[PDB]
Each structure stands twice: as structure tokens, then as C-alpha cells.
There are 4 protein chains.
Amino acid sequence: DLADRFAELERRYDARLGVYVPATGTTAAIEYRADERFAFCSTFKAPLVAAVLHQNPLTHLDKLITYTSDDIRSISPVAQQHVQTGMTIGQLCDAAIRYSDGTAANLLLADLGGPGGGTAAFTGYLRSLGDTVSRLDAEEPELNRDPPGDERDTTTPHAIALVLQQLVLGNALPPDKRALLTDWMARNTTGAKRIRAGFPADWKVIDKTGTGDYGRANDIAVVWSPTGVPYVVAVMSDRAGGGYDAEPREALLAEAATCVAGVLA
Amino acid sequence: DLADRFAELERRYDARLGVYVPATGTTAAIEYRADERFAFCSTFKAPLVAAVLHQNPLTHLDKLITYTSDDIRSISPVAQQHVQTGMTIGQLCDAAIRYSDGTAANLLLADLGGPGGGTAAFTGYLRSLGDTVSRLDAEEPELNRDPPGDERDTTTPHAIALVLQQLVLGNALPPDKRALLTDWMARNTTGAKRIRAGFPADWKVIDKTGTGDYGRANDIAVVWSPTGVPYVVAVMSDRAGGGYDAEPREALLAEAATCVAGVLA
Amino acid sequence: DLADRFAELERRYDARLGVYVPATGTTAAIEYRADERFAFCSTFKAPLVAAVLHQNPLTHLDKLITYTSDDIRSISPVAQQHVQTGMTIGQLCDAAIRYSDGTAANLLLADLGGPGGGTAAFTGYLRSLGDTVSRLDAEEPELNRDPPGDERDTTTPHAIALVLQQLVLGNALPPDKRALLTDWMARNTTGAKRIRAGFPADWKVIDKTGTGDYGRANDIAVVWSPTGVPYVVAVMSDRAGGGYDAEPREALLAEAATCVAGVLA
Amino acid sequence: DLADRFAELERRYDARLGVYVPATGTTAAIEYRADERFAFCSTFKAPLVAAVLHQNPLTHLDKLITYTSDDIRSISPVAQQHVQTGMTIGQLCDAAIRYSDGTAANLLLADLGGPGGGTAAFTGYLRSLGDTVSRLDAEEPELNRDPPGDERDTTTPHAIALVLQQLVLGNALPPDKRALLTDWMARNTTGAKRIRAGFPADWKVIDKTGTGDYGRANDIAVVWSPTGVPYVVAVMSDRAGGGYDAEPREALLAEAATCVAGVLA
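Its PDB record attributes the structure to X-ray crystallography, giving the resolution as 2.75 Å.

Dropping the structure here:
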């Protein structure tokens with residue numbers, strides 16, 4: 001059936017594929033390696049922003065945060081420009097979602113506080129919505145470099161999809177803060193060739209990508225059918241065995257998204 | 001296999017759906033009511049141009065054709081504007097494909113000459129390409145309103161797909177004339193909500209639409225995978241039971257195109 | 001001076017140009033041969049529909065009208081298809097506006113009744129909105145062939161623009177009937193290369209074209225600025241020197257429309 | 001008389017507008033603050049690509065360039081995705097023009113070599129084409145935030161228009177290399193709401209945008225009339241008085257482009 005093409009796509013792209021689509025009232029749940037651990041990568045920035053939103057008032061977005069030149073460690077296209085000006089929490093939220101700003105993510109983790117620079121506070125927030133599997137242990141860019149098989153900084157397509165469903169479609173945030181998260185994901189600039197490229201243009205797509213070593217390429221997304229029916233699509237992939245320097249294949253994520261669209265149509 | 005979704009689409013739209021995709025080297029052929037007769041409607045204008053292209057040298061496209069106001073007996077968005085100046089054979093080809101100009105099609109049939117105002121000459125050209133099923137018996141706009149069950153002005157998704165394959169992908173025309181047909185189909189303006197709306201934007205789509213009474217809506221097309229693999233997609237549909245004035249449902253054709261796209265990925 | 005470009009366009013196209021744009025609160029009125037008589041041609045079909053709407057209830061649109069093949073005298077892409085079934089008043093309104101159906105216009109004129117097949121009743125309707133200049137004396141297609149200098153079947157850009165302003169922007173019709181006129185004019189299919197081709201795509205354009213002998217080409221339209229400010233643009237032209245068979249030049253109307261857009265910007 | 005509308009637009013938008021259109025054989029040059037200095041912003045990426053093309057054979061476009069995470073110090077929608085794989089010189093040209101990739105621009109400046117990371121080499125190339133005014137002193141993103149009144153990283157509408165004319169319309173590049181520059185500018189994705197939005201759709205538009213702080217918004221472009229006559233349109237604007245955080249107003253550039261189109265018609 002459909003689980004055979006996923007294995008076919010795995011051969012043609014030499015990767016390990018993970019797909020989960022939560023079941024709705026009208027459709028059944030799509031699963032393929034759904035409960036196998038994949039690396040969070042940049043996709044954790046999606047619940048991270050929601051974590052800052054959940055515990056703090058809206059005025060917290062206007063707090064100005066200053067940082068130094070030693071604080072930049074990974075790709076940070078926005079943090080590099082404001083070393084003298086500083087950035088507000090809201091600007092750090094925009095950078096972490098739409099541009100995958102690594103340094104902005106580290107500062108938002110620090111805003112959560114606690115041990116591990118906010119990693120313990122973040123996974124603790126992950127447990128509050130019922131995710132007892134995911135875990136964040138390092139910061140950027142260390143979380144992208146974990147060896148295969150290591151359980152640190154990992155989630156699963158099943159686990160990450162249900163969190164995103166509660167955050168965008170559920171009641172994990174008041175409408176209030178919920179529309180801020182959704183709007184940042186709608187104007188994302190880093191995922192044009194992934195799940196968005198696999199769905200027809202008349203489908204609305206909001207997403208948050210993830211990319212790391214060992215050919216790791218992820219994309220969590222919420223799509224809307226042309227009639228307005230929403231779905232949650234979690235697509236993760238790595239190429240463990242091809243080495244640390246294995247190139248990630250975005251086409252595999254886009255090809256799998258077309259397979260999912262064929263079923264939901 | 002895929003034929004369960006197609007039947008689950010016929011009930012939702014109160015229509016009869018026909019789908020055929022010729023098999024390539026790596027994939028099998030998709031069929032659903034593939035050998036059932038559907039009305040040609042305006043889709044015959046695509047091989048009609050190929051018949052005029054095939055029978056004449058390239059310089060024949062510069063021949064000026066004159067017509068009167070009585071020749072405008074159907075929707076003719078381009079021929080209606082040049083009644084005083086006349087239009088060349090090449091302009092008649094452009095209008096019949098990109099705008100589905102009914103009057104332009106009738107003049108091109110006259111250019112083929114012969115009995116039935118060129119209908120016998122057109123069906124003969126279809127027989128030369130191996131099409132032993134299709135038949136054109138009337139002109140515009142009579143060909144659209146044949147009663148259900150009548151075999152006049154009908155083809156089948158199997159027959160029309162194999163005809164289109166020889167014209168675009170095969171060698172039924174020399175390269176110079178073949179590129180003229182493909183470009184006219186690429187710049188079509190009437191199929192934005194059919195097969196084009198069912199495939200992702202990174203797939204190239206050239207098509208020719210057809211629409212008539214009894215909720216008739218067809219779309220023949222050639223699609224190109226993002227890597228460059230070509231496919232032929234014939235989608236035809238009617239709702240004859242709903243009556244002469246039944247609206248055609250373009251969403252059904254776009255939804256079926258998304259189901260097919262999921263398989264070709 | 002904008003009136004120099006209009007005379008420059010007249011020299012470059014070998015034509016006589018007429019332009020009138022009613023003055024709004026913020027802009028001055030554009031005039032060029034504004035009070036010179038030009039042939040109505042198909043542009044009279046816009047106030048003709050308003051005449052049937054104004055004098056008759058909405059239920060009158062469902063009345064079925066029967067006609068014979070001898071009643072088809074002018075370009076009639078829709079009346080030719082429904083000669084056996086007949087057409088309702090509402091369909092005759094649709095045909096007369098979106099496709100410039102000549103036969104549908106004659107049948108709508110007959111619906112106004114009176115002497116001259118409804119021409120005297122129609123000009124009487126023009127007098128009710130304050131237009132003491134325009135006059136319709138013949139039917140289709142005779143009104144398109146009046147010799148130059150003849151005052152029959154003529155209007156002026158000044159007169160026709162102020163009439164159109166009352167019908168779309170004014171209170172000449174109640175809201176329920178006004179929306180029917182605007183919707184047919186918005187989905188017009190015969191004016192894509194005239195006023196529409198001269199304004200940028202972010203401007204909304206509704207129009208009704210006219211074309212006749214002696215190189216007659218007209219276009220009356222209501223445009224909306226990207227911010228929502230409405231304007232009325234009347235553009236008419238003929239080439240009463242190139243002879244009876246002189247080709248009309250659509251580019252002249254489109255070029256003049258870009259000149260007007262430059263002033264309203 | 002066009003400079004009065006430009007002055008009204010400056011008051012309407014709280015901005016300073018600069019417009020220059022080089023004179024052709026039949027038309028005179030349009031000027032408004034044509035010799036006043038405006039900030040280059042991203043518009044320098046167009047002649048920068050031409051400088052790299054000019055100094056190297058076509059095979060140099062295949063040279064692979066590698067970079068680190070610190071090379072991403074600005075918005076780089078393409079360079080952020082290929083930091084692991086590296087990008088050839090040709091992709092850097094595509095990214096710097098079609099996506100305004102800041103990091104791709106910095107790498108191309110480095111390919112020119114010399115003092116100042118290639119800025120001195122770039123300004124030298126402008127002097128070879130006769131540009132005695134422009135000057136590039138910094139890299140991205142420092143060049144976008146020079147204080148008002150500072151002459152660094154500035155050009156003029158007069159100077160930038162003549163440079164673009166030599167590169168697209170002149171002989172500053174051989175035909176094989178000229179078509180590469182022209183094709184990249186035709187497929188631009190960042191200028192849909194500027195000069196392109198001010199010209200009618202039947203005009204061909206290739207452009208390169210620029211945006212920075214102090215409300216800086218630029219668009220240099222080459223437009224083609226529907227008959228095929230080309231024009232060069234340089235439109236620059238800033239709102240320095242409103243401060244560093246002043247919003248740029250794209251509508252002003254699109255509105256001014258509509259004023260120019262009315263004159264060139």
C-alpha cells in the first residue's frame with residue numbers, strides 16, 4: 001500500500017524516513033517509522049517559542065536582550081546584525097521561527113532558565129502537553145551533531161506531530177498567543193523546498209524545518225486542504241551510515257509530502 | 001489499488017470519472033473507467049492542430065483566412081475580435097488551444113477539407129495514429145451536446161492518452177512542429193483549476209481542457225516530474241444523470257490529479 | 001501637457017481619439033474630444049441592461065424568450081446555441097454584456113418595447129439620467145455602420161461616462177439590481193486588450209467594449225485604484241478616413257489608458 | 001510637469017524620491033533628484049555579478065566555493081541551505097540577483113579580490129564604465145545602514161541607470177555573458193510590488209531591488225514596451241528623517257512607476 005512507497009523512497013534516496021500524520025475524524029493515521037527516534041534539529045524552535053509565550057505575559061516580548069560577539073555559534077542571519085542594538089524577545093521569536101536563527105534559539109532557551117541553560121525547562125514544558133519521549137539536552141549547534149543511535153536531542157514523528165497539533169490546532173495556547181506562533185510559521189523562509197514543495201499550491205502550508213549532520217533533514221507542518229480541513233504532517237529523515245558529512249536530501253521530504261497529499265485528497 | 005479513492009470521489013461529486021495514465025518504464029499504468037466512452041468536447045482541438053500541422057509545411061501557418069459574422073456560432077474569445085481583419089492559420093492554432101476558441105476550431109477543420117467539413121478528415125488522422133475508437137461527427141457547438149449513451153463525438157481516456165503521447169513525447173511530428181504544439185499547450189489559459197491545480201508547482205504541466213453540457217469536464221495533459229520524467233494524464237468526467245444543465249465540477253478533476261500525483265512520486 | 005500625447009497618439013495611429021474621465025473630489029477631469037460624437041457600437045449594451053433592470057422586477061429575469069434563426073443578424077456567440085431552447089431575460093443580459101451578443105441586445109431592446117423596436121424607449125431611458133445628447137436609432141448590426149458625420153446611433157465620451165457613473169457608482173439602480181450589472185461587467189470577456197491592458201494589474205477594471213466599421217473601437221470602464229479610489233474612464237476612437245473597411249486599432253485604446261493611469265497615480 | 005506629481009508623492013509618503021530614465025532616440029530623459037545621492041543597498045548586486053562575469057571565462061562559473069557559519073551575517077535564503085555542500089560561482093550569481101542573498105554577494109566580492117574585501121575592486125569596475133560618482137565601501141549588512149548625509153555606499157539614479165544601460169542594452173558584456181545577466185534579472189523574486197507593479201502586464205520587466213534601514217527602498221529596472229522598445233528606469237527613495245527604524249514604502253516606488261509609464265506610452 002502506502003507503506004511500500006516509503007520504503008521505495010528510502011532506497012532511491014538512501015535514507016531513513018519517518019512520517020506521522022495524526023488521524024482526524026475523516027482520515028486514518030499515517031505511520032511509517034512513526035515511533036523511531038529522529039534528531040530534533042531546528043524543529044525544536046517551534047515549541048520553544050510557544051514555551052516562552054506560555055509562561056510569560058505579552059509585555060515580555062518587549063524586553064530588550066543584549067548579547068556579545070562570543071554568543072554567536074551557528075548560522076544566525078539575524079543575530080549577527082543586532083550585536084550593538086540588542087534584540088527583544090519578540091524579535092528573537094521571529095528569528096527563531098522564520099530564519100532558524102541558532103543564536104536566537106539559545107537566547108530563548110536561556111529565557112526559560114534553569115539547569116542546562118534551559119534544556120531541562122524546555123523538556124519539562126514538553127512533558128506538560130503529554131510528550132514523555134522527546135528530550136533536549138544540548139544547545140545550538142551541538143544538538144545537530146549527536147551521533148546516530150544517541151537518544152539525546154531526539155524526538156519522534158509521532159511525538160512531535162501531536163505537540164504541534166495542540167500548539168496550532170489545539171488549546172495549548174490562548175488565541176492571543178496562538179496567532180503569533182501561526183503567523184511566524186506562515187511567513188517562514190527556510191522550508192520552500194520541503195513539505196511546501198510536495199503539496200499543491202492551493203493547500204496552505206505552515207512549517208518549521210530542521211537540518212543537521214548525517215544527512216538529517218526534518219520538516220514539521222500544518223496543512224489546510226483547499227476546502228479548509230487541517231492536517232498535521234511530521235516528516236523527518238537522516239542518512240545514518242553515509243557518514244557525518246552525508247548530504248541531506250530535501251527532495252525525499254518533498255516526495256513524501258506528495259505521497260501524503262495523494263492519500264488526503 | 002488507487003481505484004478505491006476514485007470511486008470514493010464519484011459519489012462525493014455525483015459524477016462519473018475516467019482516468020488513464022500510460023505506463024512508463026519504471027511505473028505501471030493507472031486505469032479507472034479507462035475504456036469507457038466520454039465526450040470529446042473541446043479536447044479534440046489539441047490533436048486537431050497537430051493534424052493541420054502534419055498535413056502542411058510550416059509556411060502554411062502564414063496563410064490568411066477570412067470569415068464572416070455568421071461563422072461565430074460559439075464561444076470565440078479571439079475570432080470574435082478579428083472578424084474584420086481575418087486571422088492566419090497560425091493564429092487559428094493559437095486561439096483553438098490557448099483559449100479553446102470554437103470558431104477557430106471550425107475554420108481549422110475546414111482547412112483539413114473533405115466530407116463533414118473536415119470531421120472525416122480528422123477522424124482519419126486519428127486512425128493513422130492507431131486510434132480505432134475515437135470519432136468526431138459534428139462541429140462546434142453541436143459536439144458538446146450529444147445525448148448520453150450516444151457514441152458520436154466521443155473518445156476514451158485510453159485512446160486520447162495514447163494519441164497525446166505520440167504527439168508530444170513520440171515522433172508523430174517533426175521536432176520543429178512538435179515544439180509549436182507543446183508551447184501552445186504550455187501557455188494554455190483555461191486549465192488553471194484542473195490537472196494544473198492537482199500537481200505541485202514544481203511539476204511542469206501542459207494541457208488542453210474540454211467542457212460541455214451534462215456536467216462534462218475533461219483535461220488531457222502531459223506532466224513532468226521535478227527530475228524531468230514525463231507522464232501523460234487523461235482525466236474525463238460527466239454528470240449526465242443530473243441533466244443537460246448540470247454544472248461541471250472542476251474540483252473533482254483537480255482532486256483526482258492529486259491522487260495520481262501521489263503515485264507518480 | 002497631457003492633451004499633447006493624445007494628439008500624438010492620434011498621429012501615430014491614424015485615428016481620432018476621444019477621452020473623458022469625470023472629475024472626482026481629489027482629481028480634475030480629463031478631456032480630449034470629450035464632447036465630440038462617437039458611435040455607440042456595443043457600448044450601449046451596458047445602459048440597455050440597466051434599462052431592463054430599472055423598469056422590471058427581478059422575477060422578469062426568469063421569463064423565457066423564444067426566437068428563430070432569422071432573428072440572428074449580428075455576431076451572436078450565445079444566441080446561436082440556444083435557438084431551439086430559447087433564453088431567459090437574465091441570460092440575455094449575461095450574453096449582451098460579457099460576450100457583446102448582438103442578437104441578445106436586439107431581444108432586450110424588444111423587451112423595452114415601443115416604436116423602432118425599443119430604440120425610442122431606450123433613448124428615453126437615457127434622458128432620465130440627464131443625457132440629452134446620446135441617441136440610439138437602429139438595431140444590430142445597422143448601428144455599427146452609420147457613416148461619419150451622421151448623428152444617429154452616436155454618443156460622446158462626456159455623455160457616456162457620466163451615465164456609467166450613475167449606474168455603477170451612483171444611485172441610478174438599487175443595490176440588488178446594481179450588483180447584477182457590475183458582476184457581468186467584471187466578468188466581461190471582450191475587452192482584455194483595451195482599457196484593461198493599459199492599467200496595472202493591481203487596478204480593478206470593469207468595462208464594456210464597442211467595435212464597428214470605419215475603424216470604430218470603444219471602451220467604457222470603471223476602474224479602482226489599488227487603495228480603493230474609483231474612477232470612470234470613457235475611451236472612444238474611430239478612423240473615419242481610412243475608409244469603411246478600416247481596421248480598428250485596440251493598441252490605441254490601451255496606450256491612451258496608460259496615459260490616464262499616469263495622471264490618477 | 002511630471003516633477004509636480006513626484007513632489008506630491010514625497011509629501012504623501014514622508015519620503016525623498018529619486019527617479020531617472022535615460023533618454024532614447026524619440027523620447028526625452030525623465031529626471032527627479034537624479035544627481036542626488038541615495039543608498040546603494042542591494043542594487044549593487046546587479047553590476048557586481050556583471051563584474052565577476054567580465055573578469056573571468058565562462059568555465060569559471062563552475063568553480064566551487066566553500067564557506068563557514070560566520071560567512072552568513074545577513075539574510076541569505078540560498079547560502080544558508082548550502083553551507084554544508086558549498087556553492088559554485090554560478091549559484092552565487094543566481095542567489096545574489098534572484099533572492100538578494102547577502103552572503104552570496106560577500107563571496108562574489110571576495111572573488112574580485114583586492115583591498116577592502118573586493119569593495120575597492122568593485123568601485124574600480126564602475127569607474128571603467130564611466131561611473132565617476134558611485135562608491136562601495138562596506139560589505140553586507142553594513143552598507144545598508146550608513147547614516148544620512150554620509151557619502152559611503154551611495155550612488156545616484158542618474159549614475160546607476162547609465163551603468164545598467166551599458167550592461168543590458170550596451171556592449172559592456174559579450175552576448176553569451178549578457179544573456180546570463182539578463183536571464184537572472186528576469187526571474188527575480190523580490191520586486192513584485194515595485195516597478196513591476198506600476199507597469200501594465202504586457203510590459204516586460206527585469207529588475208533588481210534594494211532595501212535597507214532609514215526607509216530605504218530602491219528598484220533599478222529595464223522595461224520593454226509592448227511593441228519592443230526598451231527603457232531603463234532607476235527609482236530610489238529613502239525616509240532618513242523618520243529614523244533608523246523607518247518603514248520603507250514599496251507603494252511609492254510602484255506609484256511612481258505608474259507615472260513614468262504614462263509618459264513612455
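### Remarks on the environment of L9 of chain D
All names here are of chain D. Here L9 lies in helix α1 (residues 3-13). Exposure remark for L9: the relative accessible area of 7% places this residue in the buried category. With 243 residues separating them in the primary sequence, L9 and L252 have C-alpha atoms 6.9 Å apart. Leave out the neighbours within four places in its chain, and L9 touches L252, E255 and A256.

### With respect to a negative patch on the surface
Together, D1 and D4 of chain A together with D1, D4 and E8 of chain B give the surface a local cluster of negative charge. Turning to its location among the elements, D4 of chain A is positioned in helix α1 (residues 2-13).

### Thoughts on empty space enclosed by the protein
A complete count under the given rule lists three cavities of 30 Å³ or more for this structure. By volume, the largest cavity is sized at about 50 Å³. Lining the largest cavity, in full, are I75, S76, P77, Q80 and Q81 of chain B together with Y99, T189 and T190 of chain C. The class makeup of the residues in the lining of the largest cavity is three nonpolar, five polar and no charged.

### Details of the pattern of salt bridges
Applying the stated criterion across every chain, the model contains 65 salt bridges over all chains. The salt bridge involving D238 of chain A is made with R16 of chain A; its shortest N-O contact spans 2.9 Å. One end of the pair, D238 of chain A, is in strand β9 (residues 230-238); the other, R16 of chain A, is in strand β1 (residues 16-21), with 222 residues separating them in the sequence. Owing to a relative accessible area of 5%, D238 of chain A belongs among the buried residues under this scheme. Here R16 of chain A falls in the partly exposed class, since its relative accessible area comes to 24%. With a shortest N-O distance of 3.2 Å, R16 of chain C and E36 of chain C are connected by a salt bridge. Here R16 of chain C is found in strand β1 (residues 16-21), whereas its partner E36 of chain C is found in the loop between β2 (30-32) and β3 (38-39), with 20 residues between them in sequence. Three or more residues are tied together by salt bridges with common partners; here these are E10, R16, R33, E36 and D238 of chain A.

### Examining the sheet that holds strand β9 (residues 230-238) of chain B
All names here are of chain B. Spatial strand order, β2-β1-β9-β8-β7: five strands in an open sheet with antiparallel pairing. The sheet is open, and its two borders are formed by β2 (30-32) and β7 (204-212), each paired with just one other strand. On average, each strand axis in the sheet is tilted by 15° relative to the strand beside it, whichever way the strands run. Relative to β9, strand β8 (residues 216-224) runs antiparallel, the two sharing eight bridges. Residue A217 lies in a different strand from β9, and its bridge partner there is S237.

### Some thoughts on the packing of helix α2 (residues 45-55) of chain C against helix α3 (residues 89-98) of chain C
Residues and elements named next belong to chain C. Remark: α2 packs on α3, axes separated minimally by 9 Å, with the N-to-C direction vectors making an angle of 165°. On the basis of their axis angle, the class for α2 and α3 is roughly antiparallel. For the element pair α2 and α3, the recorded crossing hand is left-handed. Contacts from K45, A46, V49 and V52 of α2 reach α3 at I89, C93, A96 and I97. When grouped by side-chain class, the residues that make up the contact of α2 with α3 number seven nonpolar, no polar and one charged.

### Here we look at the sheet that holds strand β7 (residues 204-211) of chain A
The strands making up a sheet associate through hydrogen bonds between their backbones, and the pairing can be parallel or antiparallel. Residues and elements named next belong to chain A. On the basis of which strands lie adjacent, the open sheet formed by five strands has the order β2-β1-β9-β8-β7 and antiparallel pairing. Two strands in the sheet have a free side with no partner beyond their single neighbour: β2 (30-32) and β7. Ignoring strand direction, the axes of neighbouring strands in this sheet form an average angle of 15°. Taken together, the eight bridges between β7 and strand β8 (residues 217-224) define a ladder with antiparallel strand orientation. For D207, the partnering residue across the bridge sits in β8 and is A221.

### Overview of the interface of chain A and chain D
Facing the 18 residues of chain A at the interface are 13 residues of chain D. A buried area of about 1300 Å², summed over both sides, lies between chain A and chain D, and 46% of it is on carbon and sulfur atoms. Looking only at chain A, the three residues that lose the most surface to chain D are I75, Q80 and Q81 of chain A, adding up to 43% of its buried area. At the boundary of chain A with chain D, the tally comes to zero salt bridges. Inspection of the chain A/chain D interface yields four residue pairs in polar contact.

### Some remarks on the interface of chain C and chain B
Chain C puts 18 residues into the contact, and the matching count from chain B is 13 residues. Both faces considered, chain C and chain B share a buried interface measuring about 1300 Å² in area, 48% of it formed by carbon and sulfur atoms. Broken down residue by residue, the surface that chain C buries against chain B is led by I75, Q80 and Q81 of chain C, which jointly contribute 40%. On inspection of chain C and its partner chain B, the count reaches zero salt bridges. Across the chain C-chain B interface, the total number found is three residue pairs in polar contact.

### With respect to the side chain of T88 of chain A
Residue and element names in this part refer to chain A. By the secondary structure assignment, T88 is in strand β5 (residues 87-88). A polar contact is formed between the side chain of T88 and the backbone oxygen of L61, at a distance of 3.2 Å. If we ignore the near neighbours within four places in the chain, the residues touching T88 are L61, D62, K63, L64 and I65.

### Here we look at the UniProt feature "domain: Beta-lactamase class A catalytic" (unreviewed entry) in chain A
In the numbering used here, UniProt assigns the feature "domain: Beta-lactamase class A catalytic" (unreviewed entry) to residues 18-236 of chain A. Along residues 18-236 of chain A, the helical share is 32% and the strand share 17%, with 5 Å between the first and last C-alpha atoms.

### Side note on the packing of helix α6 (residues 157-168) of chain B against helix α7 (residues 175-186) of chain B
Residue and element names in this part refer to chain B. In contact at an axis separation of 9 Å, α6 and α7 are set at 120° when each is read in the N-to-C sense. Put simply, α6 runs oblique to α7. Each of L164, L167 and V168 in α6 lies in contact with α7, whose residues at this interface are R178, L181, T182 and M185. Of the residues assigned to the contact of α6 with α7, the class counts are five nonpolar, one polar and one charged.

### Things to note about the packing of aromatic side chains
Across all of its chains, the model carries 23 aromatic pairs over all chains by this definition. For the pair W203 of chain B and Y231 of chain B, a centre-to-centre distance of 6.3 Å together with 35° between the ring planes defines the contact as tilted. Within this pair, whereas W203 of chain B is found in the loop between α8 (195-198) and β7, its partner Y231 of chain B is found in strand β9, the two being separated by 28 residues in sequence. Judged by its relative accessible area of 6%, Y231 of chain B is buried. Each member of the aromatic cluster is reached from another via a ring pair, and the members are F40, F44 and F122 of chain A. Geometry around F38 of chain B places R16 of chain B over its ring, the cationic atom sitting 4.3 Å from the centre.

About the criteria used
Residues numbered from 1 in each chain as written, not as in the entry; some residues may be left out. Chains lettered and ligands numbered in written order. Heavy atoms only, no water. Helix = DSSP H or I, 4+ residues; strand = E, 2+ residues; numbered from the N terminus. Buried < 20%, exposed > 50% of the residue type's maximum accessible area, 1.4 Å probe, protein only. Contact = heavy atoms within 4.5 Å. Patch = residues over 30% accessible without salt bridge, like charges linked within 9 Å, V, L, I, M, F, W, Y side chains within 5 Å. Areas by Shrake-Rupley, 256 points an atom, 1.4 Å probe, with all protein chains shown as cover. Salt bridge = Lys/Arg side-chain N within 4 Å of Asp/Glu carboxyl O. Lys, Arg positive; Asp, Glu negative; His and termini not counted. Charge placed at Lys NZ, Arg CZ, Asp CG, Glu CD. 1 Å grid on protein atoms, 1.4 Å probe; cavity = no way out; pocket = protein on both sides within 12 Å on 5 of 7 lines; lining within 4 Å. Points joined across faces, edges and corners; volume = space filled by probe spheres on them. Nonpolar A, V, L, I, M, F, W, Y, C, P; charged D, E, K, R; others polar. Pairing = 2+ DSSP bridges. Axes fitted to C-alpha atoms, helices over the stretch in contact; angles between N-to-C directions. Parallel < 35°, antiparallel > 145°, perpendicular 65-115°, else oblique. Left-handed = near helix turned anticlockwise from the far one by under 90°. Buried area = accessible area lost by both parts, 1.4 Å probe. Polar contact = N/O pair within 3.5 Å; in protein donor to acceptor, adjacent residues only side chain to side chain. UniProt positions renumbered as here; feature names shortened; annotations may be inferred. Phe/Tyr/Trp six-rings, centres within 6.5 Å; stacked < 30°, edge-to-face > 60°. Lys NZ or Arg CZ within 6 Å of the ring centre and 35° of its normal.

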